[PDB]
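> I am attaching a structure below and will ask some questions about it afterwards.
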Amino acid sequence: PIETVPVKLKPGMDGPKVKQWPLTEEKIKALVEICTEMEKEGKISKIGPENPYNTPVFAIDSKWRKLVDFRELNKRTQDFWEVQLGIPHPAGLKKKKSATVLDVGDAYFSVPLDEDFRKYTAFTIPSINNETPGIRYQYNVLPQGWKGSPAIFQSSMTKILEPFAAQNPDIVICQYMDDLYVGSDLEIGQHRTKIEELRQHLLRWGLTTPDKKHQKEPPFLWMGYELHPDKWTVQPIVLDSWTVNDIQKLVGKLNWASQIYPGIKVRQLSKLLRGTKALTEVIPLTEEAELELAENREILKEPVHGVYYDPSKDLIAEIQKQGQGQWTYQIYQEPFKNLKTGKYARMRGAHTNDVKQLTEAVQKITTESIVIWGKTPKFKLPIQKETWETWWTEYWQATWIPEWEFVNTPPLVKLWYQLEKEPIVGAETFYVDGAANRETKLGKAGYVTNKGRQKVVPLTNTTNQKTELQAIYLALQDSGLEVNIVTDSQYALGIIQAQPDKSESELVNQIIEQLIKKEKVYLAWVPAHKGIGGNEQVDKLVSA
Amino acid sequence: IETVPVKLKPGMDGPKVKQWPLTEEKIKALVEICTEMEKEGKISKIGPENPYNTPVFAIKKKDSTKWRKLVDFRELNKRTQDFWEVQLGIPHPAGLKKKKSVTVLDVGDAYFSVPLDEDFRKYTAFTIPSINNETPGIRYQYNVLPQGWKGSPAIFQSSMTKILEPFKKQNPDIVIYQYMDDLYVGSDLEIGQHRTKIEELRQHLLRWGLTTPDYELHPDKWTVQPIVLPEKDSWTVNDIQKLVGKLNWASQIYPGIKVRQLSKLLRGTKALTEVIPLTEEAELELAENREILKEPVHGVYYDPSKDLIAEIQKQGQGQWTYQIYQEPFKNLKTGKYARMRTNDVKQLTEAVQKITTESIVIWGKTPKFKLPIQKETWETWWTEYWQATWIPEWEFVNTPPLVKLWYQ
Ligand SMILES: N#Cc1ccc2c(Oc3ccccc3OCCn3ccc(=O)[nH]c3=O)cccc2c1
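Residue numbers (PDB author numbering), protein chains in the order written: chain A, 4 to 63, 67 to 68, 70 to 246, 250 to 554; chain B, 5 to 218, 232 to 358, 362 to 428.
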């Protein structure tokens with residue numbers, strides 16, 4: 004009785020036409036038996052040779072089911088509105104007095120197929136002997152392996168549910184694939200009463216559900232979770251094997267555990283998986299990564315459970331700086347009962363700031379909260395309000411953080427150095443510069459100072475930008491606690507101005523370490539080759 | 005009513021844009037708004053054979069309790085409106101900028117009476133999202149002219165001209181321009197007379213069936242931010258170095274700038290804090306450049322076939338500077354906004373809407389902004405402070421303008 008969804012093929016393409024591969028006669032009789040039963044129930048109907056289209060059929067106790076390869080038909084079938092890939096996260100669920108799983112049987116076969124599209128779903132039963140022409144059929148309902156069957160089933164289920172949902176606004180119905188998860192806070196008696204009403208309502212539309220064979224409430228082993236009536240957790244995770255693929259599956263299991271297990275670290279192991287591409291290839295076990303596996307095994311020994319969600323209470327997210335470039339966070343409402351946990355790693359890039367990384371993690375957690383709970387959390391962050399205010403006011407970019415409160419949990423996020431906004435009086439003025447020959451990959455760096463100091467160092471395997479940064483480093487090393495540096499390198503000025511906390515460049519890190527020891531540093535920029543006095547002198551010294 | 009046939013540009017498929025996650029309050033508002041719209045026939049629910057989708061958001065729009073639906077038709081417009089810009093385009097009045105006062109009215113409710121071509125409605129598909137993927141999203145398509153779609157004002161243009169003809173005849177001195185969903189009404193009258201005329205126009209539309217919701234721009238006061246060199250009694254080496262850098266920069270915008278005599282001051286390896294007397298030749302060189310910078314820039318013309326580009330820089334203390342250009346150093350306009358004192365994002369959002377409004381009034385076109393903010397930050401919170409019925413195109417610059425601001 005369900006209304007059909009009009010379906011069309013892609014404009015350029017046309018219906019499939021494939022040849023059926025031969026098969027064993029025992030399978031052929033089995034396919035014959037299966038197709039005769041389906042024909043009786045209206046699911047499939049025999050066709051003549053007027054139809055030109057065919058797609059290959061196959062057969063696979068404990070078994071002998073029918074499989075059809077619709078890949079060609081799928082390639083020719085229009086795109087649909089895709090079903091939702093994201094699965095409900097258990098931490099987003101609200102505790103309910105009772106909750107029931109009503110899985111739908113033969114779900115696709117209950118829903119009709121567009122009459123004009125049925126022709127393309129045509130299949131030919133293999134003939135037992137090559138001499139006879141095989142029997143031919145066409146689907147009248149949604150084929151199992153077809154592109155539009157998942158989406159058309161979902162829309163049909165939504166239509167069937169909409170009236171009953173309005174009649175019973177108290178009941179909460181969740182749709183995921185063929186399963187319908189129903190929760191409520193009625194008394195146990197009225198819950199079963201409405202569950203039975205829902206079962207009857209689906210039956211009028213030809214959808215069948217378990218009755219008193221419903222899955223048991225404690226062992227909700229759903230999509231890798233345990234859904235207890237009072238809590239949720241990750242299903243038990245196992246894990250020594252050193253193949254590349256074995257490492258990848260280990261890292262996946264650790265990430266999946268990190269939803270609720272705090273402190274799971276994967277940074278060292280992720281460095282092991284660096285485009286090797288050889289799943290069989292064994293990897294050397296760095297002691298840094300090998301210890302990392304040991305730490306996780308200690309954590310995984312502790313059984314961890316998460317709580318469900320309470321709309322009346324506030325969402326709190328708290329973030330801890332773990333290591334370098336790694337951040338860990340917990341989201342909770344009650345003081346020690348966590349809704350879930352997670353990690354955020356430094357996004358790819360060099361010259362990063364701990365303050366900048368913290369903001370991005372706040373950004374990531376904020377978006378995650380909206381997906382799961384529909385509101386944004388209150389944050390507990392390991393940064394002083396004085397540090398953040400200094401950073402935002404002087405930062406070149408527009409930044410914002412929601413309401414937050416300092417937590418004195420070290421390590422604390424701090425600005426390791428701050429540059430001077432005005433030239434320092436009584437401080438030596440270093441005019442630095444660098445240059446290198448691109449073909450030779452060789453160059454030089456140095457400085458010329460107001461007091462007459464000068465220096466040039468020879469360099470090898472360097473680029474022009476590296477020399478420009480190197481000259482700044484040379485001045486920093488050969489300077490007192492207060493120094494004024496004048497450069498023409500926009501590249502150099504930009505890195506230093508961004509106040510990077512660290513980087514992958516050992517030179518930049520050295521510059522950072524020199525900058526932190528300095529009491530005051532002022533960096534000024536001047537146009538190159540414009541006749542500025544100090545810059546002109548150093549340019550001849552470095553490049554010649 | 006008959007429906008104008010509408011076609012996407014050839015070799016184009018309808019928009020397939022991901023719905024950004026929403027808050028529970030915004031989802032609840034959107035379901036309430038769309039429930040009523042479906043009853044009135046403006047929209048209706050759609051099946052899974054419609055693969056297209058366009059984002060939907062909810063803005064307060066300065067209404068204390070009223071929630072407004074905003075559809076982000078930027079992708080559909082790019083695939084539709086350019087064809088509609090030529091065939092059914094709308095002219096732009098060069099005098100709206102000259103007018104003393106311009107008021108902006110929302111005429112979006114007008115479009116809902118005119119129907120849309122049945123072969124085009126599928127491209128107007130949007131999805132009301134769901135929390136934690138607990139339910140499939142509610143899916144609708146428009147049966148009438150959508151509010152954010154640039155084809156809607158083009159189709160209604162005939163009906164708008166008929167409705168406004170009586171008022172325009174009685175008030176020939178008032179300029180009326182229609183950018184998508186909005187009516188820009190410009191007068192040179194006193195504000196109280198202008199305000200009374202505006203209410204008269206609102207009543208006129210209401211009598212003819214166009215409901216108007218229940232700001233005041235002053236384009237004559239608008240002036241560009243001119244380049245201004247510092248004026249000092251004593252100059253440090255740092256001062257002269259910065260002056261050389263700023264003058265060197267302005268050479269790209271202003272031909273005629275000289276830094277020869279001023280650079281000669283900087284001969285030698287002197288300390289930054291050292292005061293330098295200015296040679297009379299350099300004093301002349303600095304004075305000459307000031308006059309060159311004092312003169313308004315000349316020789317930049319708006320090319321309608323090109324995009325406009327808006328760059329924004331975060332100055333301190335709530336100030337923002339911006340430049341609108343089509344060519345890298347040929348600026349059609351530059352300005353500076355000061356905040357009343362507010363989140364940086366709220367300030368940036370306000371800046372973007374102010375610039376777009378000015379760009380609409382001046383050129384009848386919206387610029388593509390280069391926003392100095394992280395993408396995820398902007399995507400999460402731009403809707404919070406957004407009051408406009410349109411959405412400009414934007415991109416994100418994560419590279420700091422390490423080059424000194426030199427925009428004040
Ligand atoms: N298998 C399976 C299965 C079963 C129920 C699901 C589900 O069940 C629910 C359906 C509607 C509303 C709340 C739901 O769960 C809230 C959390 N919860 C969950 C289970 C339980 O006993 N008690 C409990 O308070 C919500 C989401 C996914 C579910 C998956």
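Quick reminder that beta carbons are idealized off the backbone N, C-alpha and C, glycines included.
1. When every heavy atom of ligand 1 is checked, does at least one fall within less than 7 Å of the C-beta of A/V148?
2. Tell me which residues of the segment 419–431 of chain A have at least one Cβ-Cβ distance to chain B shorter than 9 Å, keeping chain order.
3. Determine the direct distance from the alpha carbon of B/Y342 to that of B/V372, and round the result to whole angstroms.
4. So, do the segment 405–421 of chain A and the segment 381–395 of chain A have three or more beta carbon pairs nearer to each other than 8 Å?
5. Any beta carbon from chain B within less than 8 Å of A/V111's own beta carbon?
6. Would you kindly work out how many angstroms separate the C-alpha atoms of A/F87 and A/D17, rounded to a whole number?
7. For A/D364, which of helix, strand or coil comes out of DSSP?
8. Quick check on DSSP: helix, strand or coil for B/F416?
9. Am I right that A/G99 and A/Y354 are in contact with their C-beta atoms under 8 Å? What's the rounded C-beta distance?
10. Please report whether the beta-carbon of B/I135 lies at a distance below 8 Å from any beta-carbon of chain A.
11. Would you say the beta carbon of B/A33 comes nearer than 7 Å to a heavy atom of ligand 1?
12. Using the Cβ count rule (16 or more neighbours within 10 Å means buried), how would you classify B/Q207?
13. Relative to ligand 1, is the shortest distance from any of its heavy atoms to the C-beta of A/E224 smaller than 7 Å?
14. Compile a chain-ordered list of the residues in the segment 146–161 of chain A whose CB is closer than 8 Å to at least one CB of chain B.
15. What does B/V261 reach in chain A if we use C-beta pairs closer than 8 Å?
16. State the CB to CB distance for the pair B/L303 and B/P243, rounded to an integer number of angstroms; the pair is presumed to be in contact (CB under 8 Å).
17. Tell me the rounded alpha-carbon separation between A/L452 and B/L80.
18. Which residues in the same chain have their Cβ closer than 6 Å to the Cβ of A/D443, if we skip the five residues on either side of it in sequence?
19. Under the DSSP definition of a beta bridge, which residues are partnered with A/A446?
20. Is any heavy atom of ligand 1 found at a distance shorter than 7 Å from the C-beta of A/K103?
21. Decide yes or no for the touch test of the segment 204–218 of chain A against the segment 96–116 of chain A: beta carbon pairs closer than 8 Å, at least 3 of them.
22. At the 8 Å Cβ level, is A/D86 part of the contact set with chain B, yes or no?
23. Alpha carbons only, please: which of B/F160, B/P95, B/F77 is nearest the one belonging to B/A114?
24. Taking 7 Å as the cut-off, is the beta-carbon of residue 560 of chain A closer than that to any non-hydrogen atom of ligand 1?
25. Name, in chain order, the residues that DSSP records as bridge partners for B/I393.
26. Which residues mark the beginning and the end of the beta strand (DSSP E) in which B/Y354 is found?
27. Take B/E36 and list the residues in its own chain whose beta-carbon comes closer than 8 Å to its own, dropping the five residues that flank it on each side.
28. Starting from A/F389, trace the alpha helix (DSSP H) both ways and give me its first and last residue.
29. Output the distance between the C-alpha atoms of A/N447 and A/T473, rounded to the nearest integer angstrom.
30. May I ask you to list the residues that DSSP assigns as paired with B/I341?
31. Under the rule that 16 or more other beta-carbon atoms within 10 Å means buried, what is B/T377, buried or exposed?
32. Kindly indicate which three-state DSSP category A/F87 falls into: helix, strand or coil?
33. Answer with buried or exposed for B/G99, where buried requires no fewer than 16 other C-beta atoms within 10 angstroms of its C-beta.
34. May I have the straight-line CA-CA distance separating B/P420 from A/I293, to the nearest angstrom?
35. Looking at the unbroken alpha helix (DSSP H) that takes in A/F160, where does it start and where does it end?
36. Determine the direct distance from the alpha carbon of A/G93 to that of A/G190, and round the result to whole angstroms.
For this structure:
1. The sequence position of residue 148 of chain A within the first sequence is 141, counting from 1. Checking the Cβ of A/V148 against ligand 1 gives no.
2. none
3. In the second sequence, counting from the first residue as 1, residue 372 of chain B sits at position 352. In the second sequence, counting from the first residue as 1, residue 342 of chain B sits at position 325. Going from the Cα of B/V372 to the Cα of B/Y342 covers about 15 Å.
4. yes
5. Your numbering for residue 111 of chain A matches position 104 in the first sequence. By this cut-off, A/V111 is not an interface position.
6. As a working mapping, residue 87 of chain A is identified with position 80 in the first sequence. As a working mapping, residue 17 of chain A is identified with position 14 in the first sequence. Roughly 17 Å separates the two Cα atoms.
7. Here the question's residue 364 of chain A lines up with position 354 in the first sequence. Of the three classes helix, strand and coil, the one that applies to A/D364 here is helix, per DSSP.
8. One-based indexing of the second sequence puts residue 416 of chain B at position 396. It is a strand residue.
9. By one-based count along the first sequence, residue 99 of chain A stands at place 92. By one-based count along the first sequence, residue 354 of chain A stands at place 344. At roughly 19 Å, the Cβ-Cβ gap does not stay under 8 Å, so A/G99 and A/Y354 are not in contact.
10. Numbered from its first residue, the second sequence carries residue 135 of chain B at position 131. Judged by the 8 Å Cβ criterion, B/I135 is in contact with chain A.
11. For the purposes of this step, residue 33 of chain B is taken as the residue at position 29 of the second sequence. It does not: the Cβ of B/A33 is nowhere closer than 7 Å to a heavy atom of ligand 1.
12. On the second sequence, residue 207 of chain B is found 203 positions in, with the first residue counted as 1. When all chains shown are included, B/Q207 counts as exposed.
13. Translated into positions along the first sequence, residue 224 of chain A becomes position 217. Yes, since a heavy atom of ligand 1 falls inside the 7 Å radius drawn around the Cβ of A/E224.
14. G155, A158, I159, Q161
15. The residue you call residue 261 of chain B lines up with position 244 of the second sequence. Under the 8 Å cutoff, chain A gives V536, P537, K540, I542.
16. Here residue 303 of chain B corresponds to residue number 286 of the second sequence, with the count starting at 1. Here residue 243 of chain B corresponds to residue number 226 of the second sequence, with the count starting at 1. In fact, because the Cβ distance is near 16 Å, the residues do not count as touching under 8 Å.
17. For this step, residue 452 of chain A is matched to residue 442 along the first sequence. For this step, residue 80 of chain B is matched to residue 76 along the second sequence. Cα to Cα, the separation comes out at about 53 Å.
18. Translated into the one-based positions of the first sequence, residue 443 of chain A becomes position 433. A481, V548, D549, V552.
19. Here residue 446 of chain A refers to the residue found at position 436 of the first sequence. In the DSSP output, where bridge partners are listed per residue, A/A446 has A/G453.
20. The residue labelled residue 103 of chain A in the question sits at position 96 within the first sequence. Under cutoff, so the answer is yes.
21. yes
22. By one-based count along the first sequence, residue 86 of chain A stands at place 79. Interface residue, yes.
23. For the purposes of this step, residue 114 of chain B is taken as residue 110 along the second sequence, with counting starting at 1. Answer by Cα proximity: B/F160.
24. This structure leaves residue 560 of chain A out entirely; chain A is present only between 4 and 554.
25. Position 373 of the second sequence holds residue 393 of chain B. Partner(s): A/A408.
26. The residue you call residue 354 of chain B lines up with position 337 of the second sequence. Counting along the chain, the beta strand (DSSP E) containing B/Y354 begins and ends at 347–355.
27. Looking up residue 36 of chain B in the second sequence gives position 32. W71, listed in sequence order.
28. Start at 1 with the first residue of the first sequence, and residue 389 of chain A comes out as number 379. Premise fails: A/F389 lies in the beta strand (DSSP E), 388–391, not in any alpha helix (DSSP H).
29. As a position in the first sequence, residue 447 of chain A is number 437, starting the count at 1. As a position in the first sequence, residue 473 of chain A is number 463, starting the count at 1. Those two C-alpha atoms are separated by around 8 Å.
30. For the purposes of this step, residue 341 of chain B is taken as residue 324 along the second sequence, with counting starting at 1. According to DSSP, which records beta bridges pairwise, B/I341 is partnered with B/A327, B/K350.
31. Within the second sequence, the letter at position 357 stands for residue 377 of chain B. Burial call: buried.
32. To locate residue 87 of chain A, count along the first sequence from 1; it is residue 80. In this structure, A/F87 counts as coil in the three-state DSSP scheme.
33. Taking the second sequence and counting its residues from 1, the one referred to as residue 99 of chain B is at position 95. B/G99 comes out exposed.
34. As a first step, residue 420 of chain B must be located in the second sequence, where it is residue number 400. As a first step, residue 293 of chain A must be located in the first sequence, where it is residue number 283. Answer to the nearest angstrom: the Cα atoms are 40 Å apart.
35. For the purposes of this step, residue 160 of chain A is taken as residue 153 along the first sequence, with counting starting at 1. Note, A/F160: alpha helix (DSSP H), 156–174.
36. Taking the first residue of the first sequence as 1, we reach residue 190 of chain A at position 183. Taking the first residue of the first sequence as 1, we reach residue 93 of chain A at position 86. Roughly 20 Å separates the two Cα atoms.
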